[PDB]
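S.K.: piece number one of the complex, untouched:
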Amino acid sequence: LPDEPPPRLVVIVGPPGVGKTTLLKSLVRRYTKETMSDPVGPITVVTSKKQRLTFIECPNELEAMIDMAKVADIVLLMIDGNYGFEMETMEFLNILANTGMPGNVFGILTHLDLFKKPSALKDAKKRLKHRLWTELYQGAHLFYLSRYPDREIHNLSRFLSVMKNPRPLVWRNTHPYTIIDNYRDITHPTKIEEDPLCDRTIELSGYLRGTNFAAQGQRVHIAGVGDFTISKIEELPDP
Amino acid sequence: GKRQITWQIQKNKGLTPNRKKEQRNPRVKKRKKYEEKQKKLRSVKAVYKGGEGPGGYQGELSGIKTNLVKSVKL
Amino acid sequence: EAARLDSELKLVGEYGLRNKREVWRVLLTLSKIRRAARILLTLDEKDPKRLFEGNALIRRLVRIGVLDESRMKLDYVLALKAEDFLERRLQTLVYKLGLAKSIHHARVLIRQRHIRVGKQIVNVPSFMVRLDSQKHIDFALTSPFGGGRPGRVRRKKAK
Amino acid sequence: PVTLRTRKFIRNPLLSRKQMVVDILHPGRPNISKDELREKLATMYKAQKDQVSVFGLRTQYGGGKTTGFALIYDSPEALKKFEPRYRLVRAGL
């Protein structure tokens, strides 16, 4: 699929540090133009001439981690320092080795402030880098962030800004998918008001990622809830 | 309340051949190998092992065999 | 082969070693020394580099106590073997000087910091002890065998 | 305690400090705390707490001996106008 590409999807995975996930989220937000606080779910970020990106916060539910493990274009693997690993990182890692191997997965490492000695930090860094090397790839790129630096996130940008190729995985070559950016609820006010629960029409709006859609009357799966049918397609134009 | 990772996870042994505590240390393994091959040379050839001990020759213990000629023709 | 396996098994059994790498190491240094003695024997006597160079080599091997101080000839330094070097090594001097009960106990009592050699304390059991420094092999001062504190098991025993 | 034997003293009349070698020992103790040693070079060569500069101070092998290269002034303004800045901020100045 040689498309003039959509935003490449980057995952932020890790243990239940939610402050870690939104930490790196708002951190790379301040690397790009904005400075906003509250994260919407999928948030696209313009980078340079090849392809802009998009960023997401994987919740602590690993059903969503296997959903976005099916999605992920490139991977950011956010991991503790004084704790070793937790289970959810490994579950995502071989859940992704099973689902489909992306072109780029990167380790990135937090909580380096909570130490006592640079010998202990260096020993745990070499050990933990070795366990990423045996679980993931021989000589992968791991990273370190001590709590808001800018130079480390700058060369991090110099690694996720030189996108190579989203290596042709088969399912993502022949299956059409789209992560819903904007949630939109269209219902008649006597349908939503007179009936407490009947059904509601939902305009999910997003960027077409997969193979080409059906021009009329498509069946479509939505994660968790189930498979539904498209009542309508509109398309916002682009420059 | 963090999910601790277990030991096989940390060290992917997987399915390795079961090995010995004597094989764990190579110096112990060559120590237990030399003791056995010192033992087997007792069975084959004749070792000195001291002369008459304390008691002073209680006879030729472990028998005497009269037909046997254990010698190198020269 | 099998002559090397029984030979190096006899060396790793006579003297308490861990692998055959140290055997090959000792035979390598003996190959260099015996090689130098050979190529000094190529010249005649009264070749002054055989006199002074071979004289210096036999003085150095008398000094580190491998060649016995009685014999003073380069043929007698050609006639060496690896049990001289392993007989001069520190571990076997701990056992043959009776600080230890067995040779593996001697290597434990060397990696364990219990022995000193003169002023140093020596962790390496492959330490080529000099003949002059042979006498001063003894237990270290902070060890339980050279005075000092009685160590972990007796501390947890007193408590 | 600490044992104190000074080697190669020089009166150093050029700067009104003193080019001193001060060789100390702590046998059996942990290490010697050079600010407490700035409370030790006060009566032995008549210095106040400001004008005791100490550096070098490499402990010899196996505990015990410890070499120290020290410099005592005769005025704290000579300390400030003759002393380096990292030695000042390390020296609480």
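M.R.: Nice, thanks for sending it over. Residues are numbered from 1 along each chain as shown, chains lettered A, B, ... in the order given.
S.K.: starting at the chain centroid, how far to stretch A:186-193?
M.R.: 34 Å (Cα atoms, centre = their mean, to the nearest Å).
S.K.: And the contacts of it?
M.R.: Contacts to stretch A:186-193, defined as Cβ atoms under 8 Å, 6 or more residues apart in numbering or on different chains, come from residues A:198-203. Just so you know, the C-beta spots here come from the backbone N, C-alpha and C atoms, and that holds for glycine as well.
S.K.: residue boundaries of the helices in chain D?
M.R.: Ranges of helices in chain D, per DSSP state H, are D:34-38, D:76-82, D:85-90.
S.K.: Looking at chain C, which residue is nearest chain B?
M.R.: residue C:13 (3.1 Å; Cβ to the nearest Cβ).
S.K.: just checking, that residue touches residue B:27?
M.R.: No: the criterion here is Cβ atoms under 8 Å, and residue C:13 misses it with residue B:27 at 11.3 Å.
S.K.: neighbour count winner among these two?
M.R.: The neighbour comparison of residue C:13 against residue B:27 (other Cβ atoms under 10 Å in any protein chain shown) goes to residue C:13, with 18 against 15.
S.K.: ok and the residue in chain A nearest chain C?
M.R.: Minimum separation of chain A from chain C (Cβ to the nearest Cβ) falls at residue A:119, amounting to 21.0 Å.
S.K.: Same question for chain B.
M.R.: Closest point on chain B to chain C, by Cβ to the nearest Cβ, is residue B:34, at 3.1 Å.
S.K.: Sequence for chain E below, add it please:
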Amino acid sequence: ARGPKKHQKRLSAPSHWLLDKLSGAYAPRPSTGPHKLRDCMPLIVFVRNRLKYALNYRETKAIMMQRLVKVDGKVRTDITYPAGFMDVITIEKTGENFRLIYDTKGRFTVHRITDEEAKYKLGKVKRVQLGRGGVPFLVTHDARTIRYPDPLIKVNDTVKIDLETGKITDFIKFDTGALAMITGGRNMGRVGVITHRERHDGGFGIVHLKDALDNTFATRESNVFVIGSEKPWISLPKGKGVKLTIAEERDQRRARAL
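M.R.: Below is chain E, added to the chains above:
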């Protein structure tokens, strides 16, 4: 190359200074002044290396800037400008000085020396020629211009000035059969005694020298430096500047060792 730089290289640093091979790239290059590159000896190299009276340049500038050190009575608050030749350097408190001389090996050495013996200076005539006003004045080898001398005092005389106005109180005459330091050639920096002078129309007429123990060497007039007739003005260097052999002088050192 193509104009001046102030960076000195370290493998090419010459003999008189005793610089370390360590500590980064660059060495303390001397800048312009009285003398050339060779017989220069800065206060950087002098008070830090030759005397060990320094730790770093906070201390050395902290010595130099406070007006305690004098060079010919001048303050000389500069690090790159040189100290001269056969030098008089001041430690005026307790009344001592530093004459720089050669050793018996040919390199410079410090000497604590008195106020009188320091307060005169032995400076060679470089030139006696005609300038403005119609007078032949004297260009010294080291620093200054001695205007209105005695009119027959010519070149190659080495002058006892009193250092105070630059005026001749005595001179040592360029002569055959006289005692002279040599600063150049294959045998540079040696006290000897000249036996002859040769003319050599074609450049640099020379002297034959034959020392106390009959060793002959013929060196040029540009490097000869007549240091004394007998008249011990300056301090005597070690071993009378004879430069004997290392083995025999070594046996003399072991003989005179305490």
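S.K.: Quick check: buried residues in the host helix or strand of residue A:98?
M.R.: Element membership for residue A:98, per DSSP states H and E: helix A:87-99. Within helix A:87-99, the residues scored as buried using 16 or more other Cβ atoms under 10 Å in any protein chain shown are A:88-93, A:96, A:99.
S.K.: can you list contacts of the longest helix belonging to chain A?
M.R.: With DSSP H setting the assignment, residue counts place helix A:118-135 as the longest helix in chain A. Helix A:118-135 is contacted by residues A:77, A:79, A:81-82, A:84-85, A:90, A:93-94, A:107, A:109, A:112, A:115, A:139-140, A:142, A:144, B:10, B:12 when judged by Cβ under 8 Å, 6+ apart.
S.K.: try it again with 10 Å
M.R.: A:77, A:79-85, A:89-90, A:93-94, A:97, A:105-107, A:109, A:112-115, A:117, A:139-142, A:144, A:146, B:5, B:9-12 (Cβ atoms under 10 Å, 6 or more residues apart in numbering or on different chains).
S.K.: chain center to it: distance?
M.R.: That offset, for helix A:118-135, works out to 25 Å (Cα atoms, centre = their mean).
S.K.: Could you tell me the angle between that helix and helix A:87-99?
M.R.: On the basis of axes from the mean of the first three to the mean of the last three Cα atoms, to 10 degrees, helix A:118-135 is oriented at 30 degrees to helix A:87-99.
S.K.: which helices and strands does the helix or strand just after helix A:118-135 pack with?
M.R.: Moving toward the C-terminus from helix A:118-135, the next helix or strand (DSSP H and E) is helix A:151-159. Under the contact criterion of 3 or more Cβ pairs under 10 Å, 6 or more residues apart in numbering or on different chains; DSSP states H and E, helix A:151-159 touches helix A:18-31, strand A:104-109.
S.K.: onto the same structure, chain F please:
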Amino acid sequence: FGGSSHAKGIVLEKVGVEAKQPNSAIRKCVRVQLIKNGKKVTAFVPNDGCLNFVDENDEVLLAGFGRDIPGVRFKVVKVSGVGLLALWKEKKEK
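M.R.: Okay, here's chain F dropped in alongside the others:
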């Protein structure tokens, strides 16, 4: 196959998965599409358990031998980058 030491390949057909003997050479051999040469050579997967890991269409690295079908010549060493013995042991996933 003397210029390079390992050749990549596409697993084309698992030849003889319907055999009866569990560790016979019929069940062990696998048809391989060589990438640069274009030829089709069969190679020995060293176990039936490793044959359960050798899947269709996958990038598979092969090597030679050195010493039921004497004449099948190559050997499957990797499947999709991961080594096949490290897949046979429980070392790595794919």
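S.K.: same question on the buried residues of helix A:87-99, but now with chain F added
M.R.: A:88-93, A:95-97, A:99.
S.K.: Quick one: these as CSV, columns for distance to residue C:28 too.
M.R.: Output for the buried residues of helix A:87-99, formatted as CSV (distance: Cβ to Cβ, whole Å):
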residue, distance to residue C:28
A:88, 53
A:89, 48
A:90, 47
A:91, 52
A:92, 52
A:93, 47
A:95, 53
A:96, 51
A:97, 47
A:99, 55
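S.K.: Now the residue nearest the centre of chain E: which helix or strand?
M.R.: Nearest to the geometric centre of chain E sits residue E:85, at 2.9 Å (Cα atoms, centre = their mean). If you go by DSSP H and E, residue E:85 is not part of any helix or strand.
S.K.: so what's it up against?
M.R.: E:34-35, E:39-41, E:100-101, E:108, E:121-124, E:141-143, E:183, E:225.
S.K.: Give the bridge partners for the nearest residue to residue A:132 once chain neighbours are set aside, please.
M.R.: Nearest non-adjacent residue to residue A:132, counting by Cβ to Cβ, 6 or more residues apart in numbering or on different chains: residue A:107, 4.9 Å away. Per DSSP bridges, residues listed as beta-bridge partners of residue A:107: residue A:77.
S.K.: wait, residue A:107 sits on residue A:79?
M.R.: Yes: using Cβ atoms under 10 Å, residue A:107 is in contact with residue A:79, at 6.2 Å.
S.K.: Mutual contacts of these two, please.
M.R.: In contact with both residue A:107 and residue A:79: A:89, A:128, A:131-132, A:142-143, using Cβ under 10 Å, 6+ apart.
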